[PDB]
Structure formats: structure tokens, C-alpha cells
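One chain is shown next in C-alpha cells, namely the form deposited in one PDB entry.
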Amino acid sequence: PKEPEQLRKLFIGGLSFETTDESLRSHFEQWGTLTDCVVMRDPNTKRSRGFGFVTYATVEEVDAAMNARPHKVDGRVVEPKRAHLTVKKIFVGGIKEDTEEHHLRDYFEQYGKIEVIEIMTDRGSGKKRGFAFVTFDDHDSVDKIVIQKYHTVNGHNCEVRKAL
């Protein structure tokens, strides 16, 4: 059973106008099997619109491609993103009063490199409010996190969404 195609696609922005379907494919086939690979072009001039997309056979291949950034394609560093609200911070809710920094770190560090963990406390009492923010060094960590159906941290089923 195949993962949904939408989860296997990478939008590639910032292309060289000389990049073709063929040269984009030759580049990104290094990290997996490509079932689709298109450069977007003007319908009348055929001049590149400077972006395109590739579809891999599996999500693990998408991961491999994202972990191989930066990608220099036909001499230009391009900008791949999963199928955009491009942020590096998440809101994590439902962690109650017993969840600590190391719980959040041990779980979320496997999505990306963590720069800040902020466990929210009440301004008046100092009691934990039951939510936190995690800031990563890169947006793909967040993009991987928010497409999961479930997040279990410290036994709690958590609500996770993009923050600012």
C-alpha cells in the first residue's frame, strides 16, 4: 500500500530557467525513484516559470532528498518544500502539568535540530499551563510534524500546529 501521492511530492522553487524535466529528474533521482518530475513553463513562450515538482515513490525518499539539502541544480541552489506556510516553530498542546523539557526534546529531536523549547507557565502563579512551543533550525522538521495524524508525548495525545 502506497502513501498518498500528496505526501510524496516536493515543490522545487528557485530553479534555473535552463533546468528541464530531464535535468531536474537526473538530479533528484539520486535520492529515490521518481514517479513524476515537471518544470512549470509558460503556456505560450515555453519559458520556465522557475519552479517545478518531483514525486517520489515513498515518503522515506522525500526525507532522503530533504536531508541532502542544499541542492544545487544546474548551478543554482534551489528551494524544496513538501506539498506553503513556511515556519520553524510549532505549538504543542495537551501536555498538562507533568510534561518537562526532556520529554519534548527526546520526542521532537528526531524530526529536526531543536533550538528552543518553551514550556508555558502562568504569568501570575508560575504553574504550567499545559502547552509549549518548540523552535527548530529548519522548516522541514515542522512540515513533517504537522502532517502526522497523532503525536504521543509523555503518554499524552498532543495537538500540534504551526506557530506564527
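Start at 1 with the first residue shown and count on from there.
The gap between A83 and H84 holds 10 or more unmodelled residues of the deposited sequence. Higher mean CA temperature factor, per the PDB entry, when comparing 71-79 with 89-97: 89-97. Mean CA B-factor, 124-132 versus 43-51: the higher value falls on 124-132. Remark: of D137, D36, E29, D63, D36 shows the highest value [criterion: C-alpha B-factor in the PDB entry]. The entry lists C-alpha B-factors for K149, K144, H156, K9, and the highest of these is at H156. Per the PDB record, residue ranking by Cα B-factor puts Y56 in the lowest third of the chain.
The PDB entry assigns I114 a C-alpha temperature factor belonging to the lowest third of its chain's modelled residues.
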